[PDB]
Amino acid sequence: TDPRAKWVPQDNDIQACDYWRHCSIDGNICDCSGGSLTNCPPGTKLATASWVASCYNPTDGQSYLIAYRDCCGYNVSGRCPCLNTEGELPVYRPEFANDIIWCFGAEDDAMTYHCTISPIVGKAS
């Protein structure tokens, strides 16, 4: 609850903002509006653009690359809102920036933000 304190990851609840994969998420957890950890809700469109962070998993002690992808074409879900910024860099380093609506490549040119998914796409380094 102390907003300024060093963020502490857990691996026990994906709908909470301290879940380890959400280390640089911005928006809403898709699992809270009909998606899942790594899937979009019905009626939305999955973007191909992504932003990246290395998120430490407290369970196995390993650091993974989480490629955050947006689900687009819907108004913001308003469920499970989170903002974390582990390793997050300013806009001029866009690959690591998370104020950007990463809806690029979404079907039907969908560009409105609904929610973000948190898939692992590799090991850090």
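Numbers follow the displayed sequence, beginning with 1.
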query: Of 51 to 59 and 25 to 33, the stretch whose C-alpha atoms average the higher B-factor in the entry; finding: 51 to 59
query: Ranked C-alpha temperature factor of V76 among modelled chain residues, by third; finding: lowest
query: Where the record places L89 (Cα B-factor, split into thirds across the chain); finding: middle
query: Ranked against its chain, the third holding the CA B-factor of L65; finding: highest
